[PDB]
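One chain comes next, on its own, written as structure tokens: the form deposited in one PDB entry.
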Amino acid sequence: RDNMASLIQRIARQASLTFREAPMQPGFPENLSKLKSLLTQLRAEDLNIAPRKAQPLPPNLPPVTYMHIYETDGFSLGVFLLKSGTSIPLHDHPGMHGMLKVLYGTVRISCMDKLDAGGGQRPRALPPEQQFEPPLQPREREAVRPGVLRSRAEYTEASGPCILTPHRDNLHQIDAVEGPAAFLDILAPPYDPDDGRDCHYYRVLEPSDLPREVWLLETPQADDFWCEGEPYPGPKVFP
């Protein structure tokens, strides 16, 4: 088609429309579906990103880097690039929608949820006789949350986009499998560490098929996990 904008420009436009009389313009389900359709076509070369290949990783070096593309009050759009053998630890997206698409490599994405009484669940407190390895401080015991591990699959550039919602698959961990990997990430609304919309990390507690119930404990961002910026080489998103 003539006069078509770059795919990344069109993705950014559609995320803007999705998240933010006559004839009626689309609603959220239609828009979300279109956004996912655009993302299924996205390839690494469309962002002028070459697949990387490849340690040990010294503390001096970030395991993951970040390639910023665009953001509004409604959404953020960027690329995360994982080095070999690294992972983005388990974390949530409070009140956020998200969608991601692998550009190269393979990632294992573990998807979970905290049990929510608003979804008809009845979250219980840790029973007193339940013990873990490592053992929990008594203060920790009362901060434990019940959750469910829903899925734990591997995704590549050929997989469909991975979607999460405020209430479904809202917690995830992303491990680079067998070498470096990278993915485009859309989040709506963006994180706001200043306005109380933080990225919270969690660990799964150790007391056989999925879905299965788990116990989750919020934890600080890991000492050795950090993610610094690097130049984005793809087509610019205007303005």
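Sequential numbering from 1, following the sequence displayed.
Missing here is the form solved in complex with a partner chain; even so, the following discussion is about that form.
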> So which of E206, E45, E178, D198 gets a non-hydrogen atom within 4.5 Å of the partner chain in the deposited bound form?
Replying inline: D198
> Picking from 210-218, 45-53, 32-40, 185-193, which part of the chain touches the partner chain in the deposited bound form when contact means heavy atoms within 4.5 Å?
Replying inline: 185-193
> So in the deposited bound form, does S76 come within 4.5 Å of the partner chain, heavy atom to heavy atom?
Replying inline: yes
>> Please determine whether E71 contacts the partner chain in the deposited bound form, using a 4.5 Å cut-off between heavy atoms.
In response: yes
> Would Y202 count as touching the partner chain in the deposited bound form under a 4.5 Å heavy atom rule?
Replying inline: no
> Looking in the deposited bound form, any heavy atom of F80 within 4.5 Å of the partner chain?
Replying inline: yes
